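Asks: Submitted below is the structure of interest, expressed as structure tokens.
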Amino acid sequence: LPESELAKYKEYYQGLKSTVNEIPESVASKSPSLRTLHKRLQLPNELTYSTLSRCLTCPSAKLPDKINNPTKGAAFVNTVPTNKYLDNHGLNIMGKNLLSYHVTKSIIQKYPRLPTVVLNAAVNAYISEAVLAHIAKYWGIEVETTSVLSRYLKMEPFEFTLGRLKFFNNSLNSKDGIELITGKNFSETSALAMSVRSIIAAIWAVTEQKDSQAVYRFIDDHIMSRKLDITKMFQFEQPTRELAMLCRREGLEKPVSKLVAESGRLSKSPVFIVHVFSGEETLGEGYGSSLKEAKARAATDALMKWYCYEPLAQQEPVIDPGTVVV
Amino acid sequence: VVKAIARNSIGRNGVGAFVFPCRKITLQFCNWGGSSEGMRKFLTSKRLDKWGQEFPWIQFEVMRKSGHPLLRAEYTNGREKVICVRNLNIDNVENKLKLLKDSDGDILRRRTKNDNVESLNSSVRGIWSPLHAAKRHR
Amino acid sequence: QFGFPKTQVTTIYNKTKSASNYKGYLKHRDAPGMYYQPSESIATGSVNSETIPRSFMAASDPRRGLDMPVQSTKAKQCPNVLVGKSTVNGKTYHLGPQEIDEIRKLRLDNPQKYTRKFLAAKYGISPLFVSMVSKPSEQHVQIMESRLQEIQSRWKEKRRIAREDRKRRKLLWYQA
Amino acid sequence: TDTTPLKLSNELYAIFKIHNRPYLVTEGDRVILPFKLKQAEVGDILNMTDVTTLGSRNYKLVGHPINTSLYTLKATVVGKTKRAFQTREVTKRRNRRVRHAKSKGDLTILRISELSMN
Amino acid sequence: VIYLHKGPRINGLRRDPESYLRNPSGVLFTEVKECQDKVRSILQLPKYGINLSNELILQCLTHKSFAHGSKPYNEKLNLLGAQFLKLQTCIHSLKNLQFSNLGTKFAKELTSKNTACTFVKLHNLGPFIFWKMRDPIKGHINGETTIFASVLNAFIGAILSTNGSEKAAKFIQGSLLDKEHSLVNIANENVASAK
Ligand SMILES: [Mg+2]
Ligand SMILES: [Mg+2]
Ligand SMILES: [Mg+2]
């Protein structure tokens, strides 16, 4: 037996594992994918390539007993056991925290008096898991969907592996339409989200002292730049009552809906225009096919105006008296 | 009461930062095959190196396969253009590559007359109303 | 205030006969400077700053002093629409605790004799208020529910669909 | 020219003209120019030095190239791609030969990144 | 016969306004400046240069339950504060570069509402806050701890709103001195270990 192929393969595997444990800097530098990623997002140069690699590495300590059932749906043959002290697990949390803070703050700045539920929804939209995954995909953080054996056969260096995202992905997970339902740890989207968070965390770490706001700026460029129409987030129960309550709370005369213009009464499709007056100051215009509908619309409009108020930067930070409660 | 109905944010590539649309380009060629001569020449000629130097945010794979020569390119949105550069010469190949790089991945599509802008922002001014017109009709 | 010249969205062509034609608008050009162009449109779905009323701005925002959520309509003229009687003639808190208790008792006892309307008539007070005060015997409620169900069942196919559509419309009309 | 009510508004639109072709945009829009740019590459940024009209809901500044001092409107180039390929078939009415007239014109795609008062 | 019911409950009538505007301490919401000053002193707002309006302070103090949220609420600020606070705690953990200290018990304790409540109690800021007891005699079962936590968070939120981030961070650092929030956290951790 001139060639012990099992031995060579084993050696290769060991080497790969070692690299993962280390994430040597030289190896990271050699990786093209990582380099490309770095250039793409215009990351600060203090951020090393090892760090980047780490960010793409999700915590995979011990292979589950779910592997032993490929006959029962799942098989995990792509990943290699990660170092416990060198995963993205810590970074990820930090990133998440940052996202929670900063995005929320931004939203508040944009829209004081935004009903808490609505605010929460907005936040979710900005930084939900799915959205984060999408962002990651866009960036180009690809997943390691190639078995270690396959890689060995190909004869690709470890640099490529480092460049790819690494977690316990179920090879053979959606074949013949069968999907093994597992925890959050084994989903691709979640992994992507984590990676995204980790990148942010890394950035923060590098630029905590030289330029504290850099991270925030980056986030704004990437996360806060995304369009979300806040008007599309609301849904009112009986808004008239709420409006009245609001008026009572503030120094306003009781609101009254009044007919401003009307056309096509006695028809399939009429148009009624009703304003909700508070003395003289019109508080909400509302159109409708019926009178009732129009009234409702007016109320809704008023509520929207009250809530989605967006004050300028030259103003002194406005703080609302919470949400109206009835 | 106020209830929130869920939604998600839409990405606008250029408003904050700008992610570069093209990510990977795979120069595919063959040692044997006259159709792949220009491609081979291009690969040889330091032009590739120059390109790499120019555009470091995009990675250049270099495969060896038995068929015609290709330039498969992979974009942010996910889509993949693929140009077979059968029988082209160096300069033409380079031009093709340039074209690939320039494009965003998006699919080709017929535009109508004067359909220029594409917004997802509600009109600054309102949508016209007959009742809120400055001039009434008759 | 501002002393700007004001204008309609002008067309070089006849507006009455050719308002949809974009080209005319493009052709038109006006003398350089500022202009006031009142929006030819309702402000229902809008969240624009020039749409918000002064009462909903904070007492500091410069926009308060400026004049572009114009009060074009006057509340004196506009008829009250779908308003409660308490709004036209102010609310009353005349009714005591004993009276309330009595009302509640009555409700508990005989809902069909002492229905909400009747109660209202008796005590010069709103049916809504009565409802708020007092829950009727649950049996009555159950019966009512049953009746409603029966009525629903009695519907044809088309009517059900129509009802559903109406509901959907209603739901929509609180989005804005 | 008193430009305060444009300054104060949150929503704002502009009508800039590239080669006299007017495009009416807000921030975040994607303008599809019907030609290939040679000056700008992908990722470059264009400051619009011809803006016919800036407008809020109720006020609008106007003028033949209004001062670059007053505003900042800058678009980033995203894509240079062509519009879909077509073969319109040209022929007369008793003549068997046909002239296939091919067409695949080129587009430049911008994104209005900044649109603000200065 | 404008009867503004003042008794236990009828489930319908509007009360006399001056019946539900008195907190468990007794003070009338309308009454209170001295209180605000005292609160400021307790905080140590001067030193870090944290200027807050009295109104803001009052808002921070009060809670949803008081006056059915008719007077300034509290909640948004609290929410903001909590988000900020968690981040701050994480950063502190990182400082005291290694990332294997975050998902631990101590950190959780530091974050938590109970800890915050305890801190507030220690400070002696409980008399000032406006809220309503679920049942006047029953102590934390009325949901006091949570309210206290919210108030703490609300303060932080308010400071953030007034002063751009750095100041807030400084304040947090001051609060969490090992010489002096984190000393309470340690105690909490110890207690947990014991049980
Ligand atoms: Mg005509
Ligand atoms: Mg002939
Ligand atoms: Mg012919």
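Protein sequence lines correspond, in order, to chains 5, 4, a, N and 9. Positions 65 to 390 (the entry's author numbering) are the ones given, in order, by the first sequence. Positions 2 to 139 (the entry's author numbering) are the ones given, in order, by the second sequence. Positions 20 to 195 (the entry's author numbering) are the ones given, in order, by the third sequence. Positions 44 to 161 (the entry's author numbering) are the ones given, in order, by the fourth sequence. Positions 29 to 60, 63 to 126, 140 to 181, 183 to 224, 227 to 241 (the entry's author numbering) are the ones given, in order, by the fifth sequence. By construction, the Cβ of each residue, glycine as well, lies at the ideal position given by its N, Cα and C atoms.
#1: Quick check on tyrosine 190 (chain 5): buried or exposed, where buried means 16 or more other Cβ atoms within 10 Å of its Cβ?
#2: Provide the residue(s) that pair with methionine 53 (chain a) in DSSP beta bridges, ordered along the chain.
#3: Closer than 7 Å to a non-hydrogen atom of ligand 3 - does that hold for the CB of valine 133 (chain N)?
#4: Which partner residues of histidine 143 (chain N) appear in the DSSP bridge assignment?
#5: Enumerate in chain order the residues of its own chain whose CB-to-CB distance from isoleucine 61 (chain N) is below 7 Å, with the five nearest sequence positions on each side excluded.
#6: Once the 5 residues before and after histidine 47 (chain a) are set aside, which same chain residues still bring their CB inside 7 Å of it?
#7: Can you find the residues in the same chain that come closer than 6 Å, C-beta to C-beta, to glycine 22 (chain a), ignoring five residues on each side of it along the sequence?
#8: I want to check one thing, is the minimum distance from the CB of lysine 36 (chain a) to the heavy atoms of ligand 4 below 7 Å?
#9: Are the beta-carbon atoms of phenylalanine 56 (chain 4) and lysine 102 (chain 4) separated by less than 8 Å?
#10: Looking at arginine 139 (chain N) and ligand 3, is the gap between the Cβ and the nearest heavy atom below 7 Å?
#11: Would you verify that the beta carbon of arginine 112 (chain 4) is, or is not, closer than 8 Å to some beta carbon of chain a?
#12: Measure from the alpha carbon of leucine 55 (chain N) to the alpha carbon of each residue in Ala135 (chain 4), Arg126 (chain 4), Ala134 (chain 4) and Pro131 (chain 4), then state which is nearest.
#13: Grab the span of the alpha helix (DSSP H) containing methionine 163 (chain a) for me, first residue to last.
#14: Applying the criterion that 16 or more other CB atoms from any shown protein chain within 10 Å of the CB defines a buried residue, is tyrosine 202 (chain 5) buried or exposed?
#15: Kindly list, in the order they appear in chain 9, the residues whose Cβ is closer than 8 Å to that of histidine 47 (chain a).
#16: Going by other Cβ atoms of all chains shown within 10 Å of its Cβ, with 16 needed for buried, is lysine 116 (chain 9) buried or exposed?
#17: Between which two residues does the beta strand (DSSP E) containing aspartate 365 (chain 5) stretch?
#18: Does any residue of chain N have a CB that is nearer than 8 Å to the CB of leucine 109 (chain 4)?
#19: Using a Cβ-Cβ cutoff of 8 Å, what residues of the region 352-379 of chain 5 are near chain N? List them in chain order.
#20: In chain order, what residues of the same chain have a beta carbon less than 7 Å from the beta carbon of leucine 127 (chain 5), not counting five sequence neighbours either side?
#21: The alpha helix (DSSP H) that contains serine 262 (chain 5), what's its start and end?
#22: Residues in its own chain within less than 7 Å of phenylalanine 149 (chain 9) by CB, not counting five upstream and five downstream?
#23: Apart from the five residues just before and just after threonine 100 (chain 5), which ones in its own chain have a Cβ nearer than 8 Å to its Cβ?
#24: Please state if the CB of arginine 228 (chain 5) and the CB of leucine 120 (chain 5) are separated by a distance shorter than 8 Å.
#25: For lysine 136 (chain a), which residues in the same chain have their Cβ closer than 8 Å to its Cβ, ignoring the five residues on either side in sequence?
#26: How many angstroms separate the CA atom of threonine 168 (chain 5) from the CA atom of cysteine 160 (chain 9)?
#27: Buried or exposed, going by whether 16 or more other CB atoms sit within 10 Å of the CB of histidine 184 (chain 9)?
#28: In chain 5, which residues lie less than 9 Å from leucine 49 (chain 4) when you measure between Cβ atoms?
#29: Would a C-beta distance cut-off of 8 Å place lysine 211 (chain 9) and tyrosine 78 (chain 9) closer than the cut-off?
#30: What does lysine 4 (chain 4) pair with, by DSSP beta-bridge criteria?
#31: Can you tell me where the beta strand (DSSP E) holding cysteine 23 (chain 4) begins and where it ends?
#32: Taking the beta carbon of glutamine 56 (chain a) as the centre, do at least 16 other beta carbons fall within 10 Å, making it buried, or is it exposed?
#33: In chain order, what residues of the region 273-286 of chain 5 put their CB closer than 7 Å to some CB of chain 4?
#34: So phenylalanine 336 (chain 5) and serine 354 (chain 5) are in contact, right, with Cβ under 8 Å, and what is the actual spacing, rounded?
#35: Distance cutoff 8 Å, beta carbons only. Does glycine 86 (chain N) sit that close to anything in chain 5?
Replies: According to the data block:
#1: buried
#2: According to DSSP, which records beta bridges pairwise, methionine 53 (chain a) is partnered with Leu104 (chain N).
#3: no
#4: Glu132 (chain N)
#5: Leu76
#6: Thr29, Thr30 and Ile31
#7: none
#8: By its list of ligands, the structure shown excludes ligand 4, since it contains just ligand 1, ligand 2 and ligand 3.
#9: yes
#10: yes
#11: no
#12: If you compare the alpha carbons of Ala135 (chain 4), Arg126 (chain 4), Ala134 (chain 4) and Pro131 (chain 4) with that of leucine 55 (chain N), the shortest gap goes to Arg126 (chain 4).
#13: Looking at the DSSP string, the run of the alpha helix (DSSP H) that includes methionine 163 (chain a) is 157-173.
#14: buried
#15: Chain 9 residues near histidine 47 (chain a): none, gap ~47 Å exceeds 8 Å.
#16: buried
#17: From DSSP, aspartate 365 (chain 5) is part of no beta strand (DSSP E) but of the alpha helix (DSSP H) over 355-371.
#18: yes
#19: Of all residues in the region 352-379 of chain 5, only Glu374 and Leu376 place a beta-carbon less than 8 Å from a beta-carbon of chain N.
#20: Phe140
#21: 252-270
#22: Residues of the same chain with a CB within less than 7 Å of the CB of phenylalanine 149 (chain 9), apart from the 5 flanking positions on each side, are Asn231 and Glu235 in chain order.
#23: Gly204
#24: Yes, Cβ-Cβ distance for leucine 120 (chain 5) and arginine 228 (chain 5) is below 8 Å.
#25: Closer than 8 Å at Cβ, skipping near neighbours: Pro146.
#26: 24 Å
#27: exposed
#28: Those within 9 Å of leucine 49 (chain 4) in chain 5 number zero; the least Cβ separation is about 13 Å.
#29: yes
#30: Looking at the DSSP assignment, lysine 4 (chain 4) forms a beta bridge with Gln299 (chain 5).
#31: 23-30
#32: That one is buried.
#33: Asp284, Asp285 and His286
#34: Rounded, the Cβ-Cβ distance is 7 Å, consistent with contact.
#35: With 8 Å as the cut-off, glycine 86 (chain N) does not count as an interface residue toward chain 5.
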